[PDB]
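Note sheet for the following structure.
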Number of protein chains: 2
Amino acid sequence: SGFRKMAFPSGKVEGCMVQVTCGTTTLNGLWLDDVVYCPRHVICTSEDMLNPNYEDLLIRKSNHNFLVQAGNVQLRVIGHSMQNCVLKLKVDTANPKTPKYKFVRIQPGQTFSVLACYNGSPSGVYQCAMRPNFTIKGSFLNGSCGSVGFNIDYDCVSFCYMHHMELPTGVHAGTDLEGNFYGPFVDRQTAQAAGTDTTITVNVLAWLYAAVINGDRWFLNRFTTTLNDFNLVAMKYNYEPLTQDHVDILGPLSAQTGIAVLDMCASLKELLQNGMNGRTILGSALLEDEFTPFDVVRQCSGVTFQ
Amino acid sequence: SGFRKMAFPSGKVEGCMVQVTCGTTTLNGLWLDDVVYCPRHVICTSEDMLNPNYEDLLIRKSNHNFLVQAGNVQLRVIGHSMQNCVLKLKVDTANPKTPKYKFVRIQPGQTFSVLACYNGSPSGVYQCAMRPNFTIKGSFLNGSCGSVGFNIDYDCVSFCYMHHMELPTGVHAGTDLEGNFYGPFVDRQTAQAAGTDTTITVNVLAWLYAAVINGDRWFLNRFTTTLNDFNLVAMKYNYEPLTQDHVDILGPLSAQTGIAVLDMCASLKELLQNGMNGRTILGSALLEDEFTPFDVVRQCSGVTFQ
Ligand SMILES: [Zn+2]
Ligand SMILES: [Zn+2]
């Protein structure tokens with residue numbers, strides 16, 4: 001029936017994208033009701049150096065210095081303010097395409113969709129995960145700052161990510177919509193060293209359950225294991241240790257499939273110690289960890305109206 | 001900077017999705033101006049057998065038997081007709097969200113975005129390719145028929161695919177928006193055998209150029225080859241033979257990168273004969289063939305308004 005890396009429908013977010021220009025600098029903003037949210041470094045001058053005190057850079061920036069447009073049409077800025085690492089530009093008009101929304105701060109290992117945008121206009125949409133070291137591995141060119149990541153629960157955009165910078169490795173760092181960076185990262189072009197790339201165990205298992213639900217059966221074996229035994233293997237291959245909380249989340253998929261969570265762990269243990277035999281799983285030649293148990297259930301599925 | 005499997009913004013297509021019900025059966029339709037397009041087998045009874053003559057099944061179906069809704073609101077059907085394997089339902093109201101659009105018939109090896117839909121409402125969006133054997137490897141559950149695939153040139157949805165059936169392998173077959181199936185497939189639940197899964201050579205090369213543009217350099221070697229020599233290797237590993245036409249398309253990427261097309265072919269030759277050394281490329285542990293040269297250029301990129 002088919003399991004694909006699946007993004008959320010993005011039309012609701014397309015309707016909120018604007019471009020924001022300050023001085024010379026140009027990035028994207030998110031227009032929700034009468035507020036536009038964007039990265040505060042729209043105010044700088046784009047280098048290493050020269051003044052970093054966003055506070056004092058900001059003392060020099062009046063409402064009329066923030067130029068906010070998308071589609072053709074100008075928005076009038078009546079107030080501004082800095083909230084951690086984001087700016088909130090109050091505009092005189094409420095976005096008529098404002099969707100029901102929430103801001104949340106996502107947890108590591110959660111997935112979300114990113115609408116990549118270049119100075120105000122949609123480019124594309126893709127799915128990714130918040131990595132255990134709080135980077136994300138995205139697709140962001142010079143211009144994409146202020147692009148956002150989000151989920152939709154069946155009736156709602158929850159916004160979870162705003163893009164702010166690329167690191168050395170070429171991985172990506174950003175904030176929630178309250179302006180707080182994920183991880184230790186800061187909006188300043190200094191070294192940071194990313195952090196241990198580590199694999200999201202509960203997501204790999206969920207994806208293995210997806211493979212079975214589609215007939216890519218071969219990695220079923222006749223073994224079982226225990227949480228403590230599996231976690232030894234996990235802390236050799238730099239996987240998240242598995243807990244009973246992970247086991248509980250996977251409960252519906254084990255019962256959806258009749259395959260006990262610890263039996264699936266033994267399949268995974270075997271795949272880790274022995275690799276994939278030149279074989280593949282759901283057209284993947286390595287283990288996949290950016291589908292949550294939530295993402296898998298949703299994709300052999302339920303919702304409807306007929 | 002980052003290269004991801006990237007779908008098109010889908011809000012323009014979200015605005016055209018409706019559900020269509022006939023009898024008992026329920027699938028999706030595409031509402032553009034005053035026409036709704038949907039698979040003709042919305043009229044059957046959903047099995048192997050019983051009457052297949054879509055013509056005569058259709059003689060029994062009046063305008064008022066076609067129930068067309070999305071969001072809450074009913075559309076009035078004033079005419080219907082069969083165009084190859086699609087139905088065209090004329091409705092009394094033009095879709096006010098009609099985007100500038102075209103229908104085209106895509107070529108094998110071209111990619112497009114699919115908006116997976118379940119009886120009228122958006123579920124998710126993903127990117128895929130039309131395979132050389134004219135299947136696509138998608139994610140389509142019971143209900144997804146009438147979901148569409150499309151591209152956007154910078155100002156336009158060109159619709160290229162409508163989903164109609166799953167085959168034995170669990171791969172997918174469908175039509176263009178004129179109702180003609182891609183490949184030899186027919187809207188009847190009989191065996192068909194898919195056809196040789198064969199790899200889209202020019203797309204793999206384009207993706208290798210993407211890897212270089214991002215620093216996943218290791219598969220550069222000090223070899224070259226010729227088209228005829230490379231194509232021998234291609235017809236051992238079931239790759240499309242490479243032609244000068246493919247070489248010409250890749251021209252901009254070779255000059256974007258300074259790496260001659262035939263030198264990149266020699267890198268690919270080496271990867272085919274020797275595998276990937278347990279190494280990966282753009283976080284892929286196998287060669288990737290559903291990015292076109294068009295898709296790669298667009299993703300270290302150009303477009304703008306600042
Ligand atoms: Zn930014
Ligand atoms: Zn159908």
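Each chain in the structure tokens gets a letter, A, B and so on, in the order shown; residues start at 1 in every chain, and ligands are counted from 1 in the order they appear.
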
Could I get the residues of chain B with an atom no further than 9 Å from an atom of ligand 2, each paired with its nearest atom pair and that distance in Å to one decimal, using only C-alpha atoms and all ligand atoms, sorted by chain and residue number, as JSON lines?
```
{"residue": "B:26", "atom": "CA", "partner": "ligand 2", "partner_atom_place_in_ligand_line": "1 (Zn)", "distance": 8.7}
{"residue": "B:27", "atom": "CA", "partner": "ligand 2", "partner_atom_place_in_ligand_line": "1 (Zn)", "distance": 6.3}
{"residue": "B:28", "atom": "CA", "partner": "ligand 2", "partner_atom_place_in_ligand_line": "1 (Zn)", "distance": 7.7}
{"residue": "B:38", "atom": "CA", "partner": "ligand 2", "partner_atom_place_in_ligand_line": "1 (Zn)", "distance": 7.4}
{"residue": "B:39", "atom": "CA", "partner": "ligand 2", "partner_atom_place_in_ligand_line": "1 (Zn)", "distance": 4.9}
{"residue": "B:40", "atom": "CA", "partner": "ligand 2", "partner_atom_place_in_ligand_line": "1 (Zn)", "distance": 7.4}
{"residue": "B:41", "atom": "CA", "partner": "ligand 2", "partner_atom_place_in_ligand_line": "1 (Zn)", "distance": 6.2}
{"residue": "B:42", "atom": "CA", "partner": "ligand 2", "partner_atom_place_in_ligand_line": "1 (Zn)", "distance": 6.5}
{"residue": "B:143", "atom": "CA", "partner": "ligand 2", "partner_atom_place_in_ligand_line": "1 (Zn)", "distance": 7.9}
{"residue": "B:144", "atom": "CA", "partner": "ligand 2", "partner_atom_place_in_ligand_line": "1 (Zn)", "distance": 7.1}
{"residue": "B:145", "atom": "CA", "partner": "ligand 2", "partner_atom_place_in_ligand_line": "1 (Zn)", "distance": 3.4}
{"residue": "B:146", "atom": "CA", "partner": "ligand 2", "partner_atom_place_in_ligand_line": "1 (Zn)", "distance": 5.2}
{"residue": "B:147", "atom": "CA", "partner": "ligand 2", "partner_atom_place_in_ligand_line": "1 (Zn)", "distance": 8.2}
{"residue": "B:162", "atom": "CA", "partner": "ligand 2", "partner_atom_place_in_ligand_line": "1 (Zn)", "distance": 8.2}
{"residue": "B:163", "atom": "CA", "partner": "ligand 2", "partner_atom_place_in_ligand_line": "1 (Zn)", "distance": 6.0}
{"residue": "B:164", "atom": "CA", "partner": "ligand 2", "partner_atom_place_in_ligand_line": "1 (Zn)", "distance": 3.9}
{"residue": "B:165", "atom": "CA", "partner": "ligand 2", "partner_atom_place_in_ligand_line": "1 (Zn)", "distance": 6.2}
{"residue": "B:174", "atom": "CA", "partner": "ligand 2", "partner_atom_place_in_ligand_line": "1 (Zn)", "distance": 8.4}
{"residue": "B:187", "atom": "CA", "partner": "ligand 2", "partner_atom_place_in_ligand_line": "1 (Zn)", "distance": 8.5}
```

Export, as a PDB file, in the first residue's frame, the selected residues with N, CA and C atoms.
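Here's the written file part-v5.pdb:
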```pdb
ATOM      1  N   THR B  26     -16.236   5.636  -3.137  1.00  0.00           N
ATOM      2  CA  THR B  26     -15.774   6.944  -2.711  1.00  0.00           C
ATOM      3  C   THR B  26     -14.310   7.101  -3.030  1.00  0.00           C
ATOM      4  N   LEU B  27     -14.003   8.171  -3.750  1.00  0.00           N
ATOM      5  CA  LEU B  27     -12.615   8.489  -4.024  1.00  0.00           C
ATOM      6  C   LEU B  27     -12.504  10.000  -4.153  1.00  0.00           C
ATOM      7  N   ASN B  28     -11.360  10.447  -4.661  1.00  0.00           N
ATOM      8  CA  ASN B  28     -11.037  11.851  -4.772  1.00  0.00           C
ATOM      9  C   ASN B  28     -11.223  12.321  -6.203  1.00  0.00           C
ATOM     10  N   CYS B  38     -12.120  12.593 -12.209  1.00  0.00           N
ATOM     11  CA  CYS B  38     -11.893  11.500 -11.268  1.00  0.00           C
ATOM     12  C   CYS B  38     -11.759  10.174 -12.019  1.00  0.00           C
ATOM     13  N   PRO B  39     -11.270   9.124 -11.362  1.00  0.00           N
ATOM     14  CA  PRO B  39     -11.149   7.834 -12.054  1.00  0.00           C
ATOM     15  C   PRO B  39     -12.526   7.292 -12.399  1.00  0.00           C
ATOM     16  N   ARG B  40     -12.660   6.705 -13.585  1.00  0.00           N
ATOM     17  CA  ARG B  40     -13.976   6.216 -13.994  1.00  0.00           C
ATOM     18  C   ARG B  40     -14.454   5.061 -13.134  1.00  0.00           C
ATOM     19  N   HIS B  41     -13.574   4.331 -12.519  1.00  0.00           N
ATOM     20  CA  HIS B  41     -14.097   3.222 -11.732  1.00  0.00           C
ATOM     21  C   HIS B  41     -14.728   3.658 -10.460  1.00  0.00           C
ATOM     22  N   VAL B  42     -14.938   4.955 -10.214  1.00  0.00           N
ATOM     23  CA  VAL B  42     -15.842   5.347  -9.145  1.00  0.00           C
ATOM     24  C   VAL B  42     -17.221   4.736  -9.376  1.00  0.00           C
ATOM     25  N   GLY B 143      -8.823   4.169  -0.519  1.00  0.00           N
ATOM     26  CA  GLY B 143      -9.399   5.505  -0.475  1.00  0.00           C
ATOM     27  C   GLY B 143      -8.662   6.568  -1.294  1.00  0.00           C
ATOM     28  N   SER B 144      -7.408   6.327  -1.678  1.00  0.00           N
ATOM     29  CA  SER B 144      -6.528   7.360  -2.222  1.00  0.00           C
ATOM     30  C   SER B 144      -6.713   7.582  -3.717  1.00  0.00           C
ATOM     31  N   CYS B 145      -7.550   6.785  -4.369  1.00  0.00           N
ATOM     32  CA  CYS B 145      -7.754   6.908  -5.798  1.00  0.00           C
ATOM     33  C   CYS B 145      -8.213   8.302  -6.152  1.00  0.00           C
ATOM     34  N   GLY B 146      -7.682   8.835  -7.262  1.00  0.00           N
ATOM     35  CA  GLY B 146      -7.964  10.187  -7.660  1.00  0.00           C
ATOM     36  C   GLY B 146      -6.988  11.177  -7.105  1.00  0.00           C
ATOM     37  N   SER B 147      -6.099  10.750  -6.207  1.00  0.00           N
ATOM     38  CA  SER B 147      -5.016  11.640  -5.802  1.00  0.00           C
ATOM     39  C   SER B 147      -4.176  11.943  -7.023  1.00  0.00           C
ATOM     40  N   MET B 162      -2.867  10.865 -12.193  1.00  0.00           N
ATOM     41  CA  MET B 162      -4.000  10.589 -11.324  1.00  0.00           C
ATOM     42  C   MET B 162      -3.895   9.131 -10.921  1.00  0.00           C
ATOM     43  N   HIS B 163      -4.061   8.861  -9.635  1.00  0.00           N
ATOM     44  CA  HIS B 163      -3.876   7.506  -9.147  1.00  0.00           C
ATOM     45  C   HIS B 163      -5.095   6.618  -9.398  1.00  0.00           C
ATOM     46  N   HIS B 164      -4.873   5.408  -9.906  1.00  0.00           N
ATOM     47  CA  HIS B 164      -5.972   4.446 -10.163  1.00  0.00           C
ATOM     48  C   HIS B 164      -5.841   3.063  -9.526  1.00  0.00           C
ATOM     49  N   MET B 165      -4.679   2.447  -9.470  1.00  0.00           N
ATOM     50  CA  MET B 165      -4.750   1.106  -8.893  1.00  0.00           C
ATOM     51  C   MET B 165      -3.389   0.706  -8.333  1.00  0.00           C
ATOM     52  N   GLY B 174      -1.354   4.557 -12.837  1.00  0.00           N
ATOM     53  CA  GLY B 174      -2.360   5.580 -12.977  1.00  0.00           C
ATOM     54  C   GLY B 174      -2.306   6.186 -14.349  1.00  0.00           C
ATOM     55  N   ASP B 187      -7.555  -0.498 -15.855  1.00  0.00           N
ATOM     56  CA  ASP B 187      -8.323  -0.384 -14.605  1.00  0.00           C
ATOM     57  C   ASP B 187      -9.243  -1.587 -14.438  1.00  0.00           C
TER      58      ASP B 187
END
```

Near chain B, which residues of chain A fall within 9 Å when you count only C-alpha atoms, and what do they look like as JSON, numbers by chain?
-> {"A": [1, 2, 3, 4, 5, 6, 7, 8, 9, 10, 11, 12, 13, 14, 15, 19, 20, 21, 25, 26, 27, 115, 118, 119, 120, 121, 122, 123, 124, 125, 126, 127, 137, 138, 139, 140, 141, 142, 143, 166, 170, 171, 172, 214, 284, 285, 286, 299, 300, 301, 303, 304, 305, 306]}

Using only C-alpha atoms, which residues sit within 9 Å of residue B:75 once same-chain residues fewer than 5 positions away are excluded, as number ranges by chain?
-> B: 67-70, 91-93

Any chance you could export the current selection's N, CA and C atoms as a PDB file, in the first residue's frame?
```pdb
ATOM      1  N   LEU B  67     -22.041  12.346  -6.490  1.00  0.00           N
ATOM      2  CA  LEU B  67     -22.113  13.263  -5.377  1.00  0.00           C
ATOM      3  C   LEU B  67     -20.730  13.828  -5.082  1.00  0.00           C
ATOM      4  N   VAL B  68     -20.613  15.140  -5.184  1.00  0.00           N
ATOM      5  CA  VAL B  68     -19.333  15.828  -5.205  1.00  0.00           C
ATOM      6  C   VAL B  68     -19.332  16.850  -4.095  1.00  0.00           C
ATOM      7  N   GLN B  69     -18.362  16.721  -3.172  1.00  0.00           N
ATOM      8  CA  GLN B  69     -18.263  17.546  -1.982  1.00  0.00           C
ATOM      9  C   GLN B  69     -16.793  17.771  -1.654  1.00  0.00           C
ATOM     10  N   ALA B  70     -16.457  18.945  -1.195  1.00  0.00           N
ATOM     11  CA  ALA B  70     -15.328  19.020  -0.245  1.00  0.00           C
ATOM     12  C   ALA B  70     -15.395  20.305   0.539  1.00  0.00           C
ATOM     13  N   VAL B  91     -19.797  20.752 -13.366  1.00  0.00           N
ATOM     14  CA  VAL B  91     -20.514  21.279 -12.207  1.00  0.00           C
ATOM     15  C   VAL B  91     -20.940  22.705 -12.527  1.00  0.00           C
ATOM     16  N   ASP B  92     -21.856  23.251 -11.735  1.00  0.00           N
ATOM     17  CA  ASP B  92     -22.410  24.543 -12.119  1.00  0.00           C
ATOM     18  C   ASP B  92     -21.531  25.699 -11.677  1.00  0.00           C
ATOM     19  N   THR B  93     -20.556  25.436 -10.816  1.00  0.00           N
ATOM     20  CA  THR B  93     -19.720  26.453 -10.208  1.00  0.00           C
ATOM     21  C   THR B  93     -18.252  26.229 -10.523  1.00  0.00           C
TER      22      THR B  93
END
```

Quick one: residues within 8 Å of residue A:83, only C-alpha atoms counted, chain neighbours fewer than 4 positions away excluded, as a ChimeraX atom specification?
-> /A:87-88,178-179

Helix (DSSP H, G or I) per DSSP on the backbone: members of stretch 42-135 of chain B, as a PyMOL selection string | chain B and resi 42-43+54-59+63-65

Restricted to N, CA, C and O atoms, what would the selected residues look like written as a PDB file, in the first residue's frame?
```pdb
ATOM      1  N   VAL B  42     -14.938   4.955 -10.214  1.00  0.00           N
ATOM      2  CA  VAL B  42     -15.842   5.347  -9.145  1.00  0.00           C
ATOM      3  C   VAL B  42     -17.221   4.736  -9.376  1.00  0.00           C
ATOM      4  O   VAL B  42     -18.016   4.641  -8.443  1.00  0.00           O
ATOM      5  N   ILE B  43     -17.526   4.307 -10.603  1.00  0.00           N
ATOM      6  CA  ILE B  43     -18.875   3.816 -10.897  1.00  0.00           C
ATOM      7  C   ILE B  43     -19.061   2.335 -10.616  1.00  0.00           C
ATOM      8  O   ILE B  43     -20.207   1.881 -10.563  1.00  0.00           O
ATOM      9  N   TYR B  54     -17.189  -0.393 -18.578  1.00  0.00           N
ATOM     10  CA  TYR B  54     -17.449   0.930 -18.063  1.00  0.00           C
ATOM     11  C   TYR B  54     -18.537   1.635 -18.871  1.00  0.00           C
ATOM     12  O   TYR B  54     -19.357   2.357 -18.300  1.00  0.00           O
ATOM     13  N   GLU B  55     -18.611   1.393 -20.190  1.00  0.00           N
ATOM     14  CA  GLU B  55     -19.686   2.009 -20.974  1.00  0.00           C
ATOM     15  C   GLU B  55     -21.058   1.678 -20.391  1.00  0.00           C
ATOM     16  O   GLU B  55     -21.893   2.565 -20.218  1.00  0.00           O
ATOM     17  N   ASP B  56     -21.339   0.400 -20.141  1.00  0.00           N
ATOM     18  CA  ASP B  56     -22.703   0.056 -19.758  1.00  0.00           C
ATOM     19  C   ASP B  56     -22.961   0.365 -18.300  1.00  0.00           C
ATOM     20  O   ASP B  56     -24.050   0.812 -17.957  1.00  0.00           O
ATOM     21  N   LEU B  57     -21.979   0.095 -17.423  1.00  0.00           N
ATOM     22  CA  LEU B  57     -22.047   0.628 -16.063  1.00  0.00           C
ATOM     23  C   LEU B  57     -22.428   2.095 -16.097  1.00  0.00           C
ATOM     24  O   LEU B  57     -23.149   2.594 -15.223  1.00  0.00           O
ATOM     25  N   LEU B  58     -21.875   2.807 -17.058  1.00  0.00           N
ATOM     26  CA  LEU B  58     -22.094   4.233 -17.125  1.00  0.00           C
ATOM     27  C   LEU B  58     -23.470   4.577 -17.678  1.00  0.00           C
ATOM     28  O   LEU B  58     -24.067   5.568 -17.230  1.00  0.00           O
ATOM     29  N   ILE B  59     -24.025   3.759 -18.588  1.00  0.00           N
ATOM     30  CA  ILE B  59     -25.371   4.040 -19.078  1.00  0.00           C
ATOM     31  C   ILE B  59     -26.346   4.151 -17.919  1.00  0.00           C
ATOM     32  O   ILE B  59     -27.372   4.807 -18.037  1.00  0.00           O
ATOM     33  N   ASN B  63     -26.513  12.252 -13.768  1.00  0.00           N
ATOM     34  CA  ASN B  63     -25.786  13.353 -13.124  1.00  0.00           C
ATOM     35  C   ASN B  63     -25.980  13.342 -11.608  1.00  0.00           C
ATOM     36  O   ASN B  63     -25.031  13.549 -10.846  1.00  0.00           O
ATOM     37  N   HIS B  64     -27.194  13.079 -11.160  1.00  0.00           N
ATOM     38  CA  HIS B  64     -27.466  13.147  -9.727  1.00  0.00           C
ATOM     39  C   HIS B  64     -26.934  11.947  -8.977  1.00  0.00           C
ATOM     40  O   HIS B  64     -27.022  11.923  -7.749  1.00  0.00           O
ATOM     41  N   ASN B  65     -26.378  10.961  -9.664  1.00  0.00           N
ATOM     42  CA  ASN B  65     -25.756   9.846  -8.966  1.00  0.00           C
ATOM     43  C   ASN B  65     -24.319  10.157  -8.546  1.00  0.00           C
ATOM     44  O   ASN B  65     -23.807   9.479  -7.648  1.00  0.00           O
TER      45      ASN B  65
END
```

Across A:131, A:236, A:269, A:188, the smallest distance to ligand 1, with only C-alpha atoms and all ligand atoms counted, is shown by A:188

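Closest approach to residue A:158 from the set A:193, A:211, A:205, A:106 is made by A:106, with distances taken over only C-alpha atoms.
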
Hey, what's within 12 Å of residue B:244 if we count only C-alpha atoms and toss same-chain stuff fewer than 6 positions away? As number ranges by chain, please?
-> B: 202, 226-228, 231, 250-251, 261-262

Include C-alpha atoms and write out the residues we just selected as an mmCIF file, in the first residue's frame.
```
data_model
loop_
_atom_site.group_PDB
_atom_site.id
_atom_site.type_symbol
_atom_site.label_atom_id
_atom_site.label_comp_id
_atom_site.auth_asym_id
_atom_site.auth_seq_id
_atom_site.Cartn_x
_atom_site.Cartn_y
_atom_site.Cartn_z
ATOM 1 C CA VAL B 202 20.846 10.422 -15.705
ATOM 2 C CA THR B 226 33.232 6.700 -22.727
ATOM 3 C CA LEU B 227 29.523 6.535 -23.367
ATOM 4 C CA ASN B 228 29.779 3.132 -24.980
ATOM 5 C CA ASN B 231 26.662 1.747 -21.153
ATOM 6 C CA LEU B 250 23.796 17.484 -17.356
ATOM 7 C CA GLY B 251 25.864 20.187 -19.000
ATOM 8 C CA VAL B 261 30.125 14.250 -17.312
ATOM 9 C CA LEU B 262 32.162 11.266 -18.417
#
```

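With distances taken over only C-alpha atoms and all ligand atoms, A:148 is the one residue among A:234, A:148, A:281, A:264 lying closest to ligand 1.
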
Atomic separation - atom CA of residue B:134 relative to atom CA of residue B:109, Å = 9.0 Å

Could you work out how far atom CA of residue B:219 lies from atom CA of residue B:270, giving the answer in Å with one decimal?
-> 8.3 Å

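Across the structure, atom CA of residue A:74 and atom CA of residue A:33 are spaced 15.6 Å apart.
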
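Distances from B:235, B:208, B:18, B:296 to residue B:265 were compared using only C-alpha atoms, and the smallest one belongs to B:208.
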
Determine which residues of stretch 51-257 of chain A DSSP labels as strand (DSSP E or B) from the backbone of this structure, then write them out as an NGL selection string.
-> :A and (66-70 or 73-75 or 77-83 or 86-91 or 101-103 or 111-118 or 121-129 or 136 or 148-153 or 156-166 or 172-175 or 181 or 199 or 239)
